[PDB]
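Asker: Mind looking over this structure? Questions follow.
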Amino acid sequence: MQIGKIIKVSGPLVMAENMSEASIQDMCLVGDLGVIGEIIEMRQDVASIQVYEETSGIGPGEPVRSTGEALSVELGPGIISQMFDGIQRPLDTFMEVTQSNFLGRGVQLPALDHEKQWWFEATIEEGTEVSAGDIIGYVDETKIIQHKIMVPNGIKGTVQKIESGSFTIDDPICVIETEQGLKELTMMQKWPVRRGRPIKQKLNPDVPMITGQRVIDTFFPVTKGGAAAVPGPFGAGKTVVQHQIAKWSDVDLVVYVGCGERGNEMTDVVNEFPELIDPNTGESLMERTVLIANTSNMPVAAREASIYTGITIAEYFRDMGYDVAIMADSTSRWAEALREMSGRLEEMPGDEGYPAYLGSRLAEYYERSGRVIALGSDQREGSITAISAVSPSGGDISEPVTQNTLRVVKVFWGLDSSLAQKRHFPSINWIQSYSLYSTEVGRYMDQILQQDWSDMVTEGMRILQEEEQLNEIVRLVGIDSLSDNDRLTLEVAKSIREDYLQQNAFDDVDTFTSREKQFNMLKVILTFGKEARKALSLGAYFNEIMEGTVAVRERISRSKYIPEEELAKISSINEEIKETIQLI
Amino acid sequence: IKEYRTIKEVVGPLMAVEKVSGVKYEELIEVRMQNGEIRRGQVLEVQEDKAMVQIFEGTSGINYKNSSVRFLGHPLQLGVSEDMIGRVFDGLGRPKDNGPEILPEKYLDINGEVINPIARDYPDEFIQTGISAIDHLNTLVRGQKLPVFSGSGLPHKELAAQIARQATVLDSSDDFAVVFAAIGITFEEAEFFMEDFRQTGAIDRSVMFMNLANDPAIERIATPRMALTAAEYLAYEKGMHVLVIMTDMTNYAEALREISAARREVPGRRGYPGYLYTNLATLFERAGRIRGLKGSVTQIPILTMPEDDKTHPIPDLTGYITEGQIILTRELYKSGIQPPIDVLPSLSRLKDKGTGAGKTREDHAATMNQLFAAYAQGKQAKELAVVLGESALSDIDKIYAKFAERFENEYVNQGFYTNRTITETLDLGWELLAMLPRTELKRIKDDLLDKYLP
Amino acid sequence: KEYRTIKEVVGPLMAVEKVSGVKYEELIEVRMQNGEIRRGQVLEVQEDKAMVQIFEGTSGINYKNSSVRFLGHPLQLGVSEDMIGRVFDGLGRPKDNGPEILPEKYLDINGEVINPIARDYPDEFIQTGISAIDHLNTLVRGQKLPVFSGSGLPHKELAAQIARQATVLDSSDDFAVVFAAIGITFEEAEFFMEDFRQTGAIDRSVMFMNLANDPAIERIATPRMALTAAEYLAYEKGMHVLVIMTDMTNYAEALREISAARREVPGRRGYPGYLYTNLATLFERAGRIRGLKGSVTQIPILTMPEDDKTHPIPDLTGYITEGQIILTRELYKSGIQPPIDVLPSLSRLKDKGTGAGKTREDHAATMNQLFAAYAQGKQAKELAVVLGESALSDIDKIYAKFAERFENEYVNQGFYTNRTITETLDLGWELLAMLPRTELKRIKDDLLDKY
């Protein structure tokens, strides 16, 4: 090999000579300590290296060895149920080899366990030609998820020898012919972390993702492969909301990424994640979850590469044909990591100090996610739905991180701390929140249900906007001047935001509402308001229609707690309303 | 052409090539790496035998010793041809769709040439966009630069698609075409355009340049010049009425500051480059009529106002080069108004050139000022109603208030797939004027009231 | 080994050639021509040349006859078990006359990042010393609870108050306090000097001092010296450590002095751009370690410039400090001490501290009712002044009669009274004398009858 010699150490900048063979954006071990860095620029043989860890103790003369590879991640069996650090270093394995509580500088170790024996079940037959992305076999990594071992990119030919058995991630299990010669490929593979995975073609994300939460799935939904932003201020309970989206989502894999998060907050996610039970299987949620955790005081480049590590891992599971969901919390701290690296490189300041390419970096992130067609000779489909938590500057959404995020995402769930103080959970504002998928989800919802769902959510949203106008009127003229007809709009909106929007994440019956039960719950409340308006048109007032139907309205509040197995009660409430109100 | 294997320095997207001769400024290069990967590039600076180049795809994974640079000897060009109609291209003009590659009649630089001031002709004829807010109150004229100001998340992509479908010239002896230039938009917006243009058959009348948001920043800057080059070719050489629609122009400015920050250049207002006014003028002034030529170029640039602010540099400088604006407000979009066009702050400086008898009916300007003044008092009474209740509103104040409500839900709100002819728009304007008593209609002449007022 | 190859002396920085083996951020030692010796560290090293910054400046240094010694080690701190009872300055050397403390080893003051796997959650209540803290805003071992203050407010008396009245319920003399003074005048320095010793709480604490007229580099090292000693006693000797820092505004001021003098582009408000990232390296030094005994807890004291939270100094801490303790000047110039407003000041970890054993069950419910009775009582006083005493009903009149009465006893408990936790709940029921039975609906009603 060729080993360079350091000639200058100035903070995070390290320059070394005799690095002619090395290339740009390649990782390398710096100094006697072996700290990892990244070659940013190269002037003849001398190259400037951007170290990731602290350089206290590095000096001229110490060697530098180029790894010959950019920042990459290992993709194979043994990645599920792991705790990574942004550069894909298992913190549990890290603690076993280092035998210390603190993170040690200069430590390099493989991500996946190259010693664990996995059983490979070959499904491809000998003599069949293969392309990039073709599946040669599967491995049951967990009881919930099968790991599809597939042909790496840039390998074409016919397979000569392939057999099933028990091998590790380094043992060659298949040999394919190439123009260069025979090529033995293991069941694991690397891939650059700042470069998306090739696909056949990207498709429009139109299938709505069943999140289970009634406020999302009805008014502000997100399709499979769509994006969504979350403010999550203090006390709004975004920690409970993220878990509900991580448990009752029909996605096959969940990738939680923490990009520069507070340590105390981070150790909560570490603890409360293997506790979440799977709805169907009942096992721990870590059987389908790859976690990445970065502390705030951790190296800056690790906090920047964290968002790129999870999205690259999610693309690997997406190529296998699974629907993946990556949770980014908190993408605001990742933006502050760029603001630190930009200052370390003396770059031109942009808005509020953030770099001028902050929007391009965000665009590159969300554009890699989505419903696509993976590579192969069978055209299988995968999807990556992106959910991100944007920490504002004290609640104000004028931060450049949120504005550049909303220009590339189509869903925004506005968490309001004022609703949390009003015992309204999930504390999501229903006026500032929006979703540019409701028009597309309305077509899908009207098809499978065969009902008129697009016109029900529209009217239910209208009486919530009319509620906002009548709220300021009540606070201005009072309650003696409001119209009688407009009183029902306030009484059905009160019966909507309480009997439908309010959802308890800990109640075993209310924590999840099936897609069919959402329609039955929305119809009963809407039909109650439509049957009361038509009755109001002729000789009817509120003292007799509201105080005479108290037994019916009390029944609607308990309709959300109806068992999902039968759900026979809610359908019987519709015809029951028209019987009691017609007698008046 | 010979290959150059002398790469002295590689500093970021820039790259130093030495021992070269005959290299010109802004000419294209091709870089061959150890792997064999091909990457386009452009010369940013050349002195003596040294040469500085900028790579589009990036600089990651390039070894200076075992790489080479090919100098194509030409700048950024576009192979113009009459067969480009009905085809989708990328940012620089390569066939993005899976169609047969065109045979270029000629190659033209994307910068073009400046129009001779004495050769440019005045705008005269009127372009029917099929939208009542843009055909009646803020008329569009052949050769006018009339932009659309929108907000982030507002339905400006449906509006730009609708105009591209409905734009037409009321003359038989003419060829109409649309040059739709997508600038740094997401895949979902790009999929919406390409699918809608083929769904309605508007692609048969359009030339689309789709540039994605993850595409390199250089292609985002070259996308307008690319489309405008094909626009001037179809209009001034093939004699066609060309309508240019640009989206998003805010992404274009976001790409300039990203480039200006890499060039270490001094920033101007709000960090944007000081030459933003001129770089935008280079694009917006590539339109208009020319004496003796039947073709014309009309531009409708769509831009998103950051923070919904009009005083922002991007919307402000555009107003100094364009002849008006079409404002899209979230308040109208909250009430389902489609398109959410607020006619109060919108304006067309050249609207008087394409109105009146022979270009429209005789009551175009009259009903325009009456509807505008009536809709003003209507929203003035609506805003006055929230402050002191509905009791303080007079009889006419309640009539104008009901006028402003119907003027939004029945006149402005027409739907993104409703192509109103110019006669339907004028006849509908008289139907809403029927709400007001004949005494309120002071500007309209008595002879016009006796002829059109129902 | 002495180097005489000084080439350039430009401002605080200095250039040395003809060297080898020098590493980055290595501590050096300069011998001047007049015998006087000054210390510095390496800012950058290029080939044989090196750039160093002298701590005491370069005033009166002859480059030719002066000498430079490279110590071969970064900025370290000599730790020992008997540091408790000794006063040190910012660099970690003995401030006042004491016996020579022979350290056990030398640790890097920049600390080591704790693996988030080995980071344990904080779930134990600690004595907060003042009824306003023990109830409205409890603090947990391993919590970053700052106290926002202003210039002229009695926060230095409040800081010294916690130095005595804070302890662990189960104490085997292991509990210690690491008080770090950052850029305070001599009169404020001597105040902590006479208080700690004359009260008998200096033999249970390690205090690092820093004169106001001291090199700004020492104010940067003062917190890292304290947190290094805090991690030594807690993670190597198993002790419960409470860290106090005053003042943190002087720390950011000293960090801005260094940044501006080292030729760097400033950020907003003139403070450096890497200020938030630098503060996160200090507040993340607290918490519990999985499978370990002892913990490090920090209570940073900082004065708010112009008393505005939009300022970056109070705001950037909000991104990393769980909650806050607001000291308002409106309660100053009155008998209330410590002047504490429980309206903006919040704590995010009162749940883990409130529970069986560490606290009692009624502590949580009484806190929620006290916070409601306070906001309703203060809202009644503001309404009686503006809208007149006639607009307030009989319920609204008796509500404000206790907002003021509680501020004299609950908020004002004295700066030297211990007011042990047991005495805080007992008089808690004495506080709601004429609160009506209807008003106790938010709290559990069985707890009221039980107590």
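Asker: Could you check A:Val324 against (1) buried (at least 19 other Cβ atoms within 10 Å of the Cβ); (2) within 13 Å of another protein chain (Cβ to nearest Cβ) and say which number it fails?
Answerer: Unmet for A:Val324, out of (1) buried (at least 19 other Cβ atoms within 10 Å of the Cβ); (2) within 13 Å of another protein chain (Cβ to nearest Cβ): (2).
Asker: Taking strands (runs of 3 or more DSSP E) that do not extend beyond region A:133-173, which have at least 1 residues that are out of contact with any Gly (no Cβ under 7 Å at 6 or more places or on another chain) and either without any contact (Cβ under 8 Å) to a residue 60 or more places away in the chain or among the small types (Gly, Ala, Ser) (or both)?
Answerer: It comes to A:135-139, A:157-162, A:165-167.
Asker: Also, quick follow-up: Does A:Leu109 satisfy being within 14 Å of chain C (Cβ to nearest Cβ), within 21 Å of A:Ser72 (Cβ to Cβ) and touching a strand residue (DSSP E or B) at 6+ places or on another chain (Cβ under 7 Å)?
Answerer: In short, no.
Asker: Now for a different question. Just wondering, is there one or more residues in region A:252-263 that are within 14 Å of another protein chain (Cβ to nearest Cβ), among the basic types (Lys, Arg), within 30 Å of C:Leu349 (Cα to Cα) and not in a helix (DSSP H, G or I)?
Answerer: Checking region A:252-263: at least one residue is within 14 Å of another protein chain (Cβ to nearest Cβ), among the basic types (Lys, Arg), within 30 Å of C:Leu349 (Cα to Cα) and not in a helix (DSSP H, G or I).
Asker: Please state which of the following conditions B:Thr311 fails to meet, knowing it meets all the rest: (1) among the polar types (S, T, N, Q); (2) in contact with a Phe, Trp or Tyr (Cβ under 9 Å, 6 or more places away or on another chain); (3) without any contact (Cβ under 8 Å) to a residue 60 or more places away in the chain.
Answerer: (2)
Asker: Listed residues B:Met52, B:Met15; which is part of a strand (DSSP E or B) and closer than 17 Å to A:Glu21 by Cα?
Answerer: After applying the criteria, what remains is B:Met15.
Asker: Of the residues A:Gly59, A:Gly76, which single one is within 10 Å of chain C (Cβ to nearest Cβ) and among the small types (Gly, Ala, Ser)?
Answerer: Criteria check complete, one pass: A:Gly59.
Asker: Follow-up. Residues of region B:343-358 being without any contact (Cβ under 8 Å) to a residue 60 or more places away in the chain and either surrounded by 18 or more Cβ atoms within 10 Å (Cβ to Cβ) or of a type in the set (A, V, I, L, M, F, W, C) (or both), which ones?
Answerer: Of everything in region B:343-358, those that are without any contact (Cβ under 8 Å) to a residue 60 or more places away in the chain and either surrounded by 18 or more Cβ atoms within 10 Å (Cβ to Cβ) or of a type in the set (A, V, I, L, M, F, W, C) (or both) turn out to be B:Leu344, B:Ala357.
Asker: Of the conditions (1) of a type in the set (D, E, K, R); (2) more than 18 Å from A:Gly359 (Cα to Cα); (3) within 14 Å of another protein chain (Cβ to nearest Cβ); (4) under 18 Å from the mean Cα position of the chain (by Cα), B:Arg225 clears all except one; give me its number.
Answerer: Only one criterion in (1) of a type in the set (D, E, K, R); (2) more than 18 Å from A:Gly359 (Cα to Cα); (3) within 14 Å of another protein chain (Cβ to nearest Cβ); (4) under 18 Å from the mean Cα position of the chain (by Cα) is unmet by B:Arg225, namely (3).
Asker: Here's something else I'd like to know. Can you name the condition, by its number, that A:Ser398 falls short on among (1) more than 24 Å from A:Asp206 (Cβ to Cβ); (2) more than 12 Å from chain B (Cβ to nearest Cβ)?
Answerer: Going through the list (1) more than 24 Å from A:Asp206 (Cβ to Cβ); (2) more than 12 Å from chain B (Cβ to nearest Cβ), A:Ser398 breaks only (2).
Asker: Output yes when any residue across region B:98-112 is within 14 Å of another protein chain (Cβ to nearest Cβ) and more than 30 Å from B:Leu140 (Cα to Cα), and no when none is.
Answerer: Taking every residue of region B:98-112 in turn, at least one turns out to be within 14 Å of another protein chain (Cβ to nearest Cβ) and more than 30 Å from B:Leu140 (Cα to Cα).
Asker: Which residues, counting only those in region A:130-154, are within 25 Å of the chain's Cα centre (by Cα) and among the charged types (D, E, K, R)?
Answerer: Scanning region A:130-154 gives A:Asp140, A:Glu141, A:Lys143, A:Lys148.
Asker: Among the residues of region A:25-41, how many are within 14 Å of chain B (Cβ to nearest Cβ), of a type outside the set (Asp, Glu), on the phi < 0 side of the Ramachandran plot and in contact with an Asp or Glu (Cβ under 7 Å, 6 or more places away or on another chain)?
Answerer: 2
Asker: From (1) surrounded by 15 or more Cβ atoms within 10 Å (Cβ to Cβ); (2) at positive phi, pick out the condition that doesn't hold for A:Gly539.
Answerer: For A:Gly539, the failing item is (1).
Asker: Identify, please: which residue in region A:383-394 is in contact (Cβ under 8 Å) with a residue 60 or more places away in the chain and within 11 Å of chain C (Cβ to nearest Cβ) and is, among those, surrounded by the fewest Cβ atoms within 10 Å (Cβ to Cβ)?
Answerer: Among residues in region A:383-394 that are in contact (Cβ under 8 Å) with a residue 60 or more places away in the chain and within 11 Å of chain C (Cβ to nearest Cβ), the one surrounded by the fewest Cβ atoms within 10 Å (Cβ to Cβ) is A:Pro392.
Asker: Hey, another quick one. Looking at B:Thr186, B:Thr168, which one is away from chain A (no Cβ under 14 Å), free of Cβ contacts under 8 Å to residues at least 60 places away in the same chain and surrounded by fewer than 24 Cβ atoms within 10 Å (Cβ to Cβ)?
Answerer: Unique residue meeting the criteria: B:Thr168.
Asker: Filter the helices (runs of 4 or more DSSP H) completely within region A:509-582 down to those with at least 3 residues that are among the hydroxyl-bearing types (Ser, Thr, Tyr).
Answerer: Result: A:568-582.
Asker: Could I ask something else about it? Can you tell me which residue among A:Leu449, A:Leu436 is farther than 24 Å from A:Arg487 by Cα and either within 14 Å of another protein chain (Cβ to nearest Cβ) or surrounded by 14 or more Cβ atoms within 10 Å (Cβ to Cβ) (or both)?
Answerer: Among A:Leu449, A:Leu436, only A:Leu436 is farther than 24 Å from A:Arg487 by Cα and either within 14 Å of another protein chain (Cβ to nearest Cβ) or surrounded by 14 or more Cβ atoms within 10 Å (Cβ to Cβ) (or both).
Asker: What single numbered condition from (1) in contact (Cβ under 8 Å) with a residue 40 or more places away in the chain; (2) under 37 Å from the mean Cα position of the chain (by Cα); (3) away from chain A (no Cβ under 14 Å) fails to hold for B:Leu14?
Answerer: Every listed condition holds for B:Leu14 apart from (3).
Asker: Does region C:301-311 hold any residues that are surrounded by fewer than 18 Cβ atoms within 10 Å (Cβ to Cβ) and either more than 13 Å from chain A (Cβ to nearest Cβ) or not in a loop (DSSP other than H, G, I, E, B) (or both), and which are they?
Answerer: C:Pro305, C:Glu306, C:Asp307
Asker: Please pick out the residue among C:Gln76, C:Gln41, C:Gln53 that is within 14 Å of chain A (Cβ to nearest Cβ), surrounded by 15 or more Cβ atoms within 10 Å (Cβ to Cβ) and more than 30 Å from A:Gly260 (Cα to Cα).
Answerer: Only one candidate passes the filter, namely C:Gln53.
Asker: Just name the residue that is surrounded by the fewest Cβ atoms within 10 Å (Cβ to Cβ) out of those in region B:258-289 that are touching a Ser or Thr at 6+ places or on another chain (Cβ under 8 Å) and more than 14 Å from chain A (Cβ to nearest Cβ).
Answerer: B:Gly288
Asker: Would you tally the residues in region A:340-364 being at the interface with another protein chain (Cβ under 7 Å from one of its Cβ atoms) and either buried (at least 24 other Cβ atoms within 10 Å of the Cβ) or within 28 Å of A:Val207 (Cβ to Cβ) (or both)?
Answerer: 4
Asker: Run A:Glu184 past the list (1) of a type outside the set (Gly, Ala, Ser); (2) away from chain B (no Cβ under 14 Å); (3) assigned to a loop (DSSP other than H, G, I, E, B) and report the number of the one that doesn't hold.
Answerer: Condition (3) is where A:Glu184 drops out.
Asker: So, C:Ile117, is that one assigned to a loop (DSSP other than H, G, I, E, B), in contact with a helix residue (DSSP H, G or I) (Cβ under 8 Å, 6 or more places away or on another chain) and facing another protein chain (nearest Cβ under 10 Å) or not?
Answerer: yes
Asker: Please go through region B:245-257 and pick out each residue that is of a type in the set (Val, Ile, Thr), away from chain A (no Cβ under 13 Å) and more than 15 Å from B:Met210 (Cβ to Cβ).
Answerer: Listed by number, the list is empty, since nothing qualifies.
Each row is one residue, and each column tells you yes or no for (1) in a helix (DSSP H, G or I); (2) under 22 Å from A:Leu91 (Cα atoms).
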residue	(1), (2)
C:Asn278	yes, no
C:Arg288	no, yes
C:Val296	no, no
C:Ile299	no, no
C:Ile313	yes, no
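Reconstructed Cβ throughout: ideal geometry from the backbone, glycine too, with neighbour counts over all protein chains shown. FYI, it's all coordinate maths here, none of it is from the lab.
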